[PDB]
Amino acid sequence: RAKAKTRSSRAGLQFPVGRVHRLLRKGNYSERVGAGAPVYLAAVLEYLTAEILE
DNA sequence: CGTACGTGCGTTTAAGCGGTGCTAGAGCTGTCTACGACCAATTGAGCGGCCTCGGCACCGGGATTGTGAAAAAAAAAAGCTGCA
Ligand SMILES: [Ca+2]
Ligand SMILES: [Ca+2]
Ligand SMILES: [Ca+2]
Ligand SMILES: [Cl-]
């Protein structure tokens, strides 16, 4: 059991896929959230952040 | 003061209409399982709290840049002439 690594690390991301998945669930957007959606969204928020900081 | 626009004609154009004919594809039904919710147990990422030391705010001094006044030139401008 375990030897757990974060969804962020699996997707090659700094931004928290897991936090993003929980905010989509609790943010009243849809009944269900596919497993790709928070990876994609976390990626987009990382890219945009990187661009503004550059 | 100069001419770009508005009006009003005659000539030309293609929108609109009503109709027909063809089928792409919108959208519906039924089936089945891949995927996401839910759960319980596990644990490590990220939280607040705390301490430090180097960036940056602020200062004074000096270098630098830009502005405005006055004087003097360059130039357009204006009023003034006789001719033609
Ligand atoms: Ca004019
Ligand atoms: Ca179809
Ligand atoms: Ca902190
Ligand atoms: Cl998905």
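Residues numbered from 1 in each chain as written, not as in the entry; some residues may be left out. Chains lettered and ligands numbered in written order. Part of a larger assembly, values for the part shown. Heavy atoms only, no water.

> Hey, could you run me through the protein's contact with DNA strand B in this one?
Every residue close to DNA strand B is listed here: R1, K5, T6, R19, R32, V33, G34 and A35. Counting only the atoms of DNA strand B within 4 Å of the protein, the fraction contributed by sugar and phosphate is 96%. Between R19 and DNA strand B, the recorded distance is 2.6 Å, taken from a side-chain N or O atom to a phosphate oxygen. Within the side chain of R32, one N or O atom sits 2.8 Å away from a sugar or linking oxygen of DNA strand B. (Near = heavy atom within 4 Å. Polar contact = N/O pair within 3.5 Å; in protein donor to acceptor, adjacent residues only side chain to side chain.)

> Looking at this model, I keep getting lost on the nonpolar core. Mind explaining?
For soluble globular proteins, nonpolar side chains are generally found buried alongside one another. Grouped together as the largest cluster of nonpolar side chains are five residues: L13, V17, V20, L24 and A42. Those residues within four positions of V17 in sequence are excluded, and the remaining contacts are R7, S8, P38, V39 and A42. (Core = buried A, V, L, I, M, F, W, Y, C linked by side-chain atoms within 4.5 Å. Buried < 20%, exposed > 50% of the residue type's maximum accessible area, 1.4 Å probe, protein only. Contact = heavy atoms within 4.5 Å.)

> What should I look at first to understand helix 3 (residues 37-53) in this one?
For an α-helix, 3.6 residues make a turn, and residues three or four places apart therefore share a direction. Under the 1.5 Å per step criterion, the end-to-end length of helix 3 is 24 Å for 17 residues, consistent within 8% with the ideal 24 Å. Of all the residues in helix 3, the buried ones are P38, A42 and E46. Down the axis of helix 3, the buried set is contained in an arc of 75 degrees. They therefore lie on one face. Facing away from the buried side of helix 3 by over 90 degrees, the exposed positions are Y40, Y47 and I52. Buried residues in helix 3 make contact with helix 2 (17-26). (Helix = DSSP H or I, 4+ residues; strand = E, 2+ residues; numbered from the N terminus. Expected span 1.5 Å × (residues − 1). Arc of directions from axis to C-beta.)

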